[PDB]
Amino acid sequence: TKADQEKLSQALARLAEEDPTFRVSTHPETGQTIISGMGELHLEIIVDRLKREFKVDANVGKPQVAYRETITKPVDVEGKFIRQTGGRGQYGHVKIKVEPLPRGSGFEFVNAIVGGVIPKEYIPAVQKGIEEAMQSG
Amino acid sequence: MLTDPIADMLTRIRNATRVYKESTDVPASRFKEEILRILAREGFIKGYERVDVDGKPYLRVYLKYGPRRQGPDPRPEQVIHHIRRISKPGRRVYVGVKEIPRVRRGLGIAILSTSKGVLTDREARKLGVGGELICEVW
Amino acid sequence: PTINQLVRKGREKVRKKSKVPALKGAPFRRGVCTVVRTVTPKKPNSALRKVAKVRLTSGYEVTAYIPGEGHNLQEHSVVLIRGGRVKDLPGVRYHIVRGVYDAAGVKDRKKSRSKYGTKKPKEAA
RNA sequence: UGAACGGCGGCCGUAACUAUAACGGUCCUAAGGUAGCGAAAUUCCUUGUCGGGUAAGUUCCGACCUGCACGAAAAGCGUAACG
RNA sequence: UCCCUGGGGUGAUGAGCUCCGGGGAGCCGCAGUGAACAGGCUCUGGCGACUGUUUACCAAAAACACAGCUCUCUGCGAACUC
RNA sequence: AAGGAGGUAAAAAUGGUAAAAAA
RNA sequence: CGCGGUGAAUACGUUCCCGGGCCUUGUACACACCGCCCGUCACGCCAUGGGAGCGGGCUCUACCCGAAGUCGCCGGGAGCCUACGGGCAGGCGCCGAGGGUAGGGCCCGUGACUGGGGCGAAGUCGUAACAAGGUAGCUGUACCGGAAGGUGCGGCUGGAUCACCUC
RNA sequence: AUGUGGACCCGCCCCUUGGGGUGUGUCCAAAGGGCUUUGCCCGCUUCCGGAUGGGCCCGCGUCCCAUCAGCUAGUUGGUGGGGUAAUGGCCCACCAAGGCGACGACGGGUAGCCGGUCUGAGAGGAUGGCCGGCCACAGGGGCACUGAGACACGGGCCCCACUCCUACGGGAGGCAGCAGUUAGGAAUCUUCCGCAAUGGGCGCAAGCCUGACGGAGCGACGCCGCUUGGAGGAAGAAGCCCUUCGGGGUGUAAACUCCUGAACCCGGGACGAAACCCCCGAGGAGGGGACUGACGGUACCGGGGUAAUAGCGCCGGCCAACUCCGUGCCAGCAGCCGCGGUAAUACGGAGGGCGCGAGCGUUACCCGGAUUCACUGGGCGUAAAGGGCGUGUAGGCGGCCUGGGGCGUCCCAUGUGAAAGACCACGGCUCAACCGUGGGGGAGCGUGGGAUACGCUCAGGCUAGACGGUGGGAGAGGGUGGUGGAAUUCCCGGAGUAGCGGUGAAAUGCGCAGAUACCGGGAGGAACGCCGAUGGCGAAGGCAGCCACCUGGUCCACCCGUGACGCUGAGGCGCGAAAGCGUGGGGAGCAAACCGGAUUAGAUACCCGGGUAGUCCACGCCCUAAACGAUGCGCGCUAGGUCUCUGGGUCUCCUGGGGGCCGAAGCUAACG
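Residues numbered from 1 in each chain as written, not as in the entry; some residues may be left out. Chains lettered and ligands numbered in written order. Part of a larger assembly, values for the part shown. Heavy atoms only, no water.

In the PDB archive, X-ray crystallography is given as the structure determination method for this entry, at a resolution of 3.5 Å.

Spelled out as structure tokens, the structure:
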């Protein structure tokens, strides 16, 4: 439990302050602070000193990876929000074509109005929910 | 009934002084005689006497006023501005020498009952004897 | 309450509550931390403000803020538990300081260098 | 006429992450299980999922409830005293 | 064991005889209700409320009983029952 | 017939409509 | 759009339909009824009560063992001084810190699960309250309902006016 | 042994808690050392008196939670013992039931207390570190010993941990003394010098220990003083900010000018300390000479002389100070309100200016503004708040008058309140911060006398309060038994037939199996029409046909009685709408829950047909509210107009008690 964690952070508070060397830095995309250093036996024996005289229960795990994702094809669907409620509606039928491109480009969308349908207030917002429904695949 | 005919008197005073009625009555007692004595003795009331009503001893007091001004209504001003009972039957004040009020920083009067009789502020101060702080008037 | 009743009972004194229990008479505590996030103030805002959880050196998980623009902090820093909420982050009590054991203020600051780290802009000219 | 024998549904959708469904639709019948209790002397999957208890716990107490197939006098619930 | 002593009884308001009792010191062993009769205790569930009754010859039980409750039949030649 | 006040009888088929905001 | 030949009916009345104006009035409304506004159920955050119990701090009593020491007594078939009377060493006995056992009492930490409360640019459902809010409101209550709420018995105005009996 | 004396014992005189003497009988002493020796110095023995500190005791004040209400069998008391310097159960024994508590006991959280300290006009709040007094602790606990004094920080014994030394047989140690390490925390220092000065312990002295004390070091932690410069110096250069291209600003600020002269160089150089000491006298008073500095050659005096550090909060109103670009509800500031959502005086930058300056902001803690726990100094008709209403205990307080008391209170004498600080005054260091010295104010309790006005105490008295007597009087004021009619559903009877019912409309419903409607008699319950009201009674909740019984509340007249019997009343007491509950009786009407009907998207609701609990009785329990005059009770006072119910009077009027409205003054923030 992460209660023993900030505890082991005091442990580091006298580990990364006695031997310079190592870097106790946390990966962003995942939890758990990465104990980085220069040596196999290095981290191993520093780990010895842990359960020895600092006594920490941490099933010493494998480092995680920063996983992203994408697609591989042109898709066309109906984003119709045909939903009236109280009378205020809030309904949105959006018609997107989606195109995918190289592993390394960036992010692209286009000021793509078929002529002049969807309001210009959605131009800097209809794409948000696109960029929003993108933080989780 | 009553719990301080004294205060009820000072009250009837306030009554007459406010409602403007040349005189008003208030029952017989030595202490009130002493009080009204002080009042007349310092240019406040208009006088007193040992009267009777229905066969019951009373003490009536006539009281002072001033001139009739114009403009803001005819109401003539008051001389006996206000009085407040200080040493209530729960506020049993016991002033003395170094103590004693200075009533409206100069004028006024501290009515106080002391070892030797009923003295006023300048009086009881001069006498160098204190006691209970009856009321305040100006 | 006629003098009597006031004499018997009394009139109980105000008594505070300390609307900032960093406690110990200690208002500077050694902010460990965990989590960063963002959160927002009421109706017309949206920002960052951390949550630094600190542990002080005697308890409490707080929600340590920061001195605003220009942070690094990662996850230790010794965020100096300070004290003072605002209409934002339902807490903002016990802030962070920069300089402390981490942060040292905005990369280039010209005023609030009393918290915002930066020493004396000695532009060498 | 139900402290008379009895019986006391199903499917479709819907909460601005998700999951849920107070909520609308909908065929059926006489009517669709109210309160309380619930892996029960009732639970098939089951040694359910959780918590405690233990060195370890299909047993046990407590709790969650998709009750295969609790539930109103073939009574429901709970209860100190006896067994 | 020994010293001190209280009241019920009987006789008389006591000697004797009896009943039940209190205190203080002192003696011995492994332990003194010295042997025989003589209860293990507590926590928490389940069902049944309760003492009970029942399958003599495998059952004692959560089954039946029970005080209590509703429901109904009975106008005296009762109704019920043979 | 004046007002003001005190106790008795009257009169709405239905209505859901949001909101950060602009001075 | 403008201009002209001919040439009416009928308005008693304000009973009811439409609206405006003004006054009154009600008000929890204030780019103000195209206003506000409550309660579940929903997502998250924060303490909190409860909860089979676990953890622990203090303290409570009854009892078992019991150091040092004070005190009390003995010094006996014996030890040493004895200035024999005693003394000292020692012997047993009282209180006694401490630990032990069982049962309390109080407090905090706490835990599957569970009630509720707060909060958070806009969720879903209904519209109760504020104009008689479209059923006068509001409450004590007892039964009911998705939820705000409903309703009987009662009470209370902070409820009700063509015009009915007075001041 | 010697015995002025002290100690006990039994008497005795005086006392009055164990104060002093005294008659009888027994016990105790002594240490000697020095030398200038026949004398003294230092010490010794026995007691008395002071000087000085403490022991015990009471008086008194002394945080909070009432969701801490009862506590106690060494417990309250005695006699008789034991012990201490000694009073006392502090402990033994024996014994009689008492000992404290809403004046907050018991419990438990919290805490050293003070002379003082910061703030507020003050009341007071909070506070107690350096210093000065009293307490308590010695790693925790027990514990004695020694002794004039202890339960003894660097003495002893034991248990407990805890750490260390060893050859693992055994043993040691306490920095809450002083410097210094470490854990701890945002943070609290030198492992220093001298006993020269003072002070303590000892020695006849010389002298000796003294991390007491007296000095330097470190940290802007506090307060004080102080240099970075003076003086000339431009319609004002340029450098940079701003612009309407004219300039405005920055700023005499700069530079150039002359002047002085921190730092620093040489020289001399302190006070802080004269006693102790030897010497004449006697070892006394007095007299003389001589020794004695850690700081440090620092202070300071003289001369030579260099211009020689500048920062920190801010510029949206509180709060003094705005212009320019960027940033665009993003990055962000914020103690309050809030400010930015693409021209921000609040972000962020740059010029300027506000503040302060060897310092400024930030947070935390404390007092104030906060009169926002109100004693000065508040409030309860609608903002927060009358207890649903009467009862009564204690408690609180109290009518007119005489005199005694002299408790509260007032007066002056007076003890102490140390010192220090607080104030003024004088002074010391060249000022201040800071320290030297004088004096008064000073709460407060002790003791003396004095006043008696006011509360209270004491005795006597009065009638104006309270109460009683008699006599009339009003009422839906309660407990009980009794009885009248109307009217609703229902039973038998009779007569009649095409519908009624019900509603916004309708329908569920009842109807040719003879209903709704009317006539005859019987059942049965519950509520009282008109009167009757804007009224009456009642402490509130309540009370409604009328008879009778018992029975409280109150009203006026008469002045007949008593003589302050008084107002309120924390708890305790009783009471109580409707609902609701229990054990029984009863049910006409009524009606939630429940069913049907209509209605609407929905109708678990209002509207319609049914129907139950219940609404009734006795008895018991619950005891709640918009119990609403939302206004506690009791007294007296301050205009009157009017509507009315009741009491008395020869009465187109008065007067007592009540019930509505109006409106003086007066009150309110206003409606009122």
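Caption draft 1: View of the overall build of chain C. Across its full length, chain C carries one helix and two strands. Helices and strands in chain C line up, N terminus first, as α-β-β. Since a compact globule built from 125 residues should have a radius of gyration of about 14 Å, the 20 Å found for chain C marks it as more spread out than a globular shape. Once the C-alpha set of chain C is aligned to its principal axes, its extents read approximately 75 × 35 × 35 Å. The 125 residues of chain C split such that 33% are buried. By sequence separation, contacts in chain C at least 24 residues apart represent 44% of the contacts at least 6 residues apart. By element, 54% of the accessible surface of chain C is carried by carbon and sulfur atoms, the whole surface being about 8,900 Å². A gap of 10 Å separates the mean positions of the 32 positive and 8 negative side-chain charges of chain C. (Helix = DSSP H or I, 4+ residues; strand = E, 2+ residues; numbered from the N terminus. Rg over C-alpha atoms; globule rule 2.2 N^0.38 Å. Buried < 20%, exposed > 50% of the residue type's maximum accessible area, 1.4 Å probe, protein only. Contact = heavy atoms within 4.5 Å. Areas by Shrake-Rupley, 256 points an atom, 1.4 Å probe, with all protein chains shown as cover. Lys, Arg positive; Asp, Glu negative; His and termini not counted. Charge placed at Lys NZ, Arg CZ, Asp CG, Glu CD.)

Caption draft 2: Geometry of the environment of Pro28 of chain A. Relative to the elements of secondary structure, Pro28 of chain A occurs in the loop between β1 (23-26) and β2 (33-36). Taking the C-alpha atoms as reference points, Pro28 of chain A and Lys128 of chain A, separated by 100 residues in sequence, lie 23 Å from one another.

Caption draft 3: Molecular detail of the side chain of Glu6 of chain A. Structurally, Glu6 of chain A can be placed in helix α1 (residues 3-13). Among buried charged residues, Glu6 of chain A stands out as having no salt bridge; its nearest opposite-charge side chain is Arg55 of chain C, 4.2 Å away. Other than its neighbours up to four places away in sequence, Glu6 of chain A contacts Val32, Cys33, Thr34, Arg55 and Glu61 of chain C. (Salt bridge = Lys/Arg side-chain N within 4 Å of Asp/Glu carboxyl O.)

Caption draft 4: Geometry of a nonpolar patch on the surface. Residue and element names in this part refer to chain A. Side chains of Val114, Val117, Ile118, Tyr122 and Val126 sit close together on the surface and give an oily, nonpolar patch of about 460 Å² of accessible area. Inspection of the secondary structure puts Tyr122 in the loop between β4 (97-98) and α3 (128-132). Residue class for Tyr122 comes out partly exposed when judged on its relative accessible area of 37%. (Patch = residues over 30% accessible without salt bridge, like charges linked within 9 Å, V, L, I, M, F, W, Y side chains within 5 Å.)

Caption draft 5: Structural view of the protein's contact with RNA strand H. By nearness alone, 77 residues border RNA strand H, and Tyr94 of chain B together with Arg11, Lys13, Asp88 and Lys120 of chain C come closest of all. Backbone atoms, meaning sugar and phosphate, form 77% of the atoms of RNA strand H found within 4 Å of the protein. One of the side-chain N or O atoms of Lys87 of chain C is found 2.9 Å from a phosphate oxygen in RNA strand H. One of the side-chain N or O atoms of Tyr116 of chain C is found 3.4 Å from a phosphate oxygen in RNA strand H. (Near = heavy atom within 4 Å. Polar contact = N/O pair within 3.5 Å; in protein donor to acceptor, adjacent residues only side chain to side chain.)

Caption draft 6: Just the arrangement of the chains, in detail. Contacts are most numerous, across the two pairs of chains in contact, for chains A and C. When C-alpha atoms are compared, chain A and chain B, though not in contact, are closest at a spacing of 64 Å.

Caption draft 7: Spatial organisation of the interface of chain A and chain C. Contacts between chain A and chain C engage seven residues on the former and eight residues on the latter. Taken together, the two surfaces of chain A and chain C that pack against each other cover about 480 Å², and 38% of this comes from carbon and sulfur. The largest share of the area that chain A buries against chain C comes from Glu6, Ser9 and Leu12 of chain A, three residues that together contribute 64% of it. One can count zero salt bridges joining chain A with chain C. Summed over the shared surface of chain A and chain C, the number is two residue pairs in polar contact. Contributing elements (two or more residues each) for the side of chain A that touches chain C: α1 and β1 of chain A. When residues of the side of chain A that touches chain C are assigned to their parent elements, the largest contribution, four residues, is made by α1 of chain A. Taken together, the residues that form the side of chain A that touches chain C break down as one nonpolar, five polar and one charged. (Buried area = accessible area lost by both parts, 1.4 Å probe. Nonpolar A, V, L, I, M, F, W, Y, C, P; charged D, E, K, R; others polar.)

Caption draft 8: Representation of the nonpolar core within the structure. Residue and element names in this part refer to chain B. Core analysis: the biggest nonpolar cluster contains 23 residues, and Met9, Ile111 and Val137 have the highest contact counts within it. Of all the secondary-structure elements, those providing two or more residues to this core are α1 (5-19), α2 (30-40), β3 (56-63), β5 (109-114) and β7 (131-137). Residue contributions to this core peak at five residues, all from α1. Among the domains, domain 1 (3-80) and domain 2 (81-138) are the pair contributing at least three residues each to this core. Here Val137 is in contact with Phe44, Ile80, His82, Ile83, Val103, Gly108, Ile109 and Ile111, once residues within four sequence places are set aside. (Core = buried A, V, L, I, M, F, W, Y, C linked by side-chain atoms within 4.5 Å. Domains from an automatic or database assignment.)

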